[PDB]
Structure formats: C-alpha cells, structure tokens
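Comments concern the structure below.
Protein chains: 2
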Amino acid sequence: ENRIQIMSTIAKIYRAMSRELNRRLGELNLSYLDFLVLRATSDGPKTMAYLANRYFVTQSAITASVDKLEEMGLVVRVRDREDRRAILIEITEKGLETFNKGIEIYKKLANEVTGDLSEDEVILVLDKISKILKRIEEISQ
Amino acid sequence: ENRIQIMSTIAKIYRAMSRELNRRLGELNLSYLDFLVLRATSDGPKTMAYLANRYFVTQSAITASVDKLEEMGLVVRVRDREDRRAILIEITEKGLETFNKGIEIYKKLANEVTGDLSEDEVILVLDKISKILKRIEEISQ
Ligand SMILES: [Ca+2]
Ligand SMILES: [Ca+2]
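Encoded structure:
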C-alpha cells in the first residue's frame, strides 16, 4: 500500500537525483561517486574499506575513484609512520575547495526539487524519513 | 540545510534498502535489479531500452538481467510477426508468480523500516516526496 510506495518513491527519487548530479558534477570533473568520496573525507581521513561499505559500492569502484581523485590532486593516501600498510584517504586543500563547490551544486539542485515544499513540510518529512533510515541501517547491517 | 539533508537521507535509505533487498531477494534467486525487471514487465511487455532508462542502469546490465531471467523461465523475448528485430520483454506466468513473491518480501521489509510511523505520518511523507519525484524527473530528463 502506502508503505511500499514510500520506499519505491524513495528509490525513484535517488535514481533521478544520482543521474542529474552526475551531469551537474561533470563540470567539476567529478562523478557522483567521486563527490561522495570527497564528502566522506571532508571531515576526516577514511579507510578504503569504510568508503566501500558506507556507500555500498565495490572496492574496485572505490579504488578507481580514489586513484582518480589522487591524480586530480584532491585526496592523498596517508600511511602510518610504522605500519605503512594501514592506509587512510585524506582530503587535500584543493579537494576541500572542489568539495565545497560540489556542495553548492547539490544544494542548488536540492532546493529546486524540494521546491513545492515549504520549510515546515521539508522539516516534517525529514524528521520522519530519518526514522526510516535508522531502522533500515539497523536491519541491513 | 534541511533540504540538503532530505536528499542525502533519501540516498542513504536507498543504499541500505537496496542492500537488504538483494539479500532477501536472494532466496528467490534474484538480485534487486532482476526484481525490478520483473516489476516493470508485470504490467505489460517492456523494451530493453525502456528498462535501462527507467531504472538508470547500463544496457549491458539489463541484457545480463534479462538473459538470466529468460534462462530461469521468468520472462521471454517477443518479436514482431514482421519486424522480428523490435523486441519486447514479456513476463511469464512463472515470472508473475515469482514477482508476487518478491512483492511480499518488499512489502514485509517496507513495513519494518516504516515501523515508527503511523498510517497518517506515512501518508503525509508520501504526498510530499511525491512532489519531489515529479520535479527531479522533470529536471533530469
Ligand atoms: Ca543489525
Ligand atoms: Ca525536462
């Protein structure tokens, strides 16, 4: 019924958004996934395992995105002073600058799509779907 | 602010749901995408182009899913009596039976994740995000 429609509508929204975001982020020379790696590392270094798990993508996909971001000078691979094997992906100043640009593109698009909604409506939906996310995350992992 | 959180929460929900659905649908010998092909063809034959576009996946991905579904006897490729090139993917009786089983798995999971919400809340969110979907679809294509 409605509970099923809520989830399928959520899925359709994500697909359309991801498609438009890849298009708009293309001007920053980034794909939606590349942007996600930047968003994840913008607040602290992340392990490649974390990146693949958090955003549900293959390790080869993350390796591909990280390699690209590294070539573009947006992130760097940091190794432990002793165990150089344990690797963290750290964002660069340039990476943060590009990320910030990505955020504004995301922000602009989000305003457009949520247009028909008032600040109140927006907040109502957010509080609610936030409970859905908490549950699926508790169930899926 | 909140408009950005709404979209990112929607994205996180989809990823967690898609992951759990692939797990649960695995018992029906299906992946989330296979289920989507069945859902799309359950109400009428669909072109492979439509399938790839509607669910934002590559044509090679759809070809892979359709080939599998065909081997499993869940769908068939129908050719025009004259132009045998124009191909439609039609669901089979067995395909509909499996689809129906998939729906119940989807339905069960949707009830769980939307648990903290009452029928009213569920409906409120649905009416709202439905407007978001209408807009992004108008913008993305
Ligand atoms: Ca758990
Ligand atoms: Ca348009």
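Protein chains in written order, with the entry's author numbering: chain A, 6 to 146; chain A', 6 to 146. A prime marks a further copy of an entry chain. All residues carry an ideal CB built from backbone N, CA and C; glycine is no exception.
- Within chain A', the residues whose beta carbon sits less than 7 Å from that of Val-127 (chain A) are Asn-7, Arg-8 and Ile-11, listed in sequence order.
- A contact between stretches requires three or more CB pairs, one per stretch, nearer than 8 Å, and the region 93-109 of chain A fails this requirement with the region 125-134 of chain A.
- A residue is called buried once 16 or more other Cβ atoms fall within 10 Å of its Cβ, and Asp-39 (chain A) is buried on that count.
- With its beta carbon at least 8 Å from every one in chain A, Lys-106 (chain A') lies outside the interface.
- Placement of the Cβ of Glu-143 (chain A) at a distance of less than 7 Å from at least one heavy atom of ligand 1 is found.
- Bounds of the alpha helix (DSSP H) holding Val-118 (chain A) are 98-118.
- For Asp-39 (chain A'), no Cβ of chain A is located within less than 8 Å of the residue's own Cβ.
- The C-beta distance from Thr-119 (chain A') to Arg-8 (chain A) rounds to 5 Å, short enough to fall under 8 Å.
- For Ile-134 (chain A'), at least one C-beta of chain A is nearer than 8 Å to its own C-beta.
- By the Cβ test, the region 13-22 of chain A is not in contact with the region 77-84 of chain A, since fewer than three Cβ pairs between them sit closer than 8 Å.
- In this structure, the beta-carbon distance from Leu-114 (chain A') to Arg-29 (chain A') falls below 8 Å.
- In the three-state scheme derived from DSSP, where H, G and I count as helix and E and B as strand, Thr-52 (chain A') is classed as strand.
- For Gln-146 (chain A'), the distance from the CB to the nearest heavy atom of ligand 1 is not below 7 Å.
- Bridge partners of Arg-82 (chain A') according to DSSP: A':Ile-94.
- Using a Cβ distance threshold of 8 Å, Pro-50 (chain A') and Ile-94 (chain A') count as a contacting pair.
- Counting only Cβ-Cβ distances below 7 Å, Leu-122 (chain A') has contacts in chain A at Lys-133 and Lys-136, in chain order.
- Exposed is the label assigned to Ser-123 (chain A), since fewer than 16 other Cβ atoms lie within 10 Å of its Cβ.
- In this structure, DSSP gives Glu-32 (chain A') a helical state, which the three-state scheme calls helix.
- Less than 8 Å divides the Cβ of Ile-96 (chain A) from the Cβ of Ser-47 (chain A).
- Within a 10 Å sphere around the beta-carbon of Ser-70 (chain A) sit 16 or more other beta-carbons, which makes this residue buried.
- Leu-26 (chain A) sits in a helix when the DSSP states are folded into three classes.
- Residue burial annotation: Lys-99 (chain A') is exposed, with fewer than 16 other C-beta atoms found within 10 angstroms of its C-beta.
- Rounded to whole angstroms, the separation of the alpha carbons of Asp-88 (chain A') and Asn-34 (chain A) is 42 Å.
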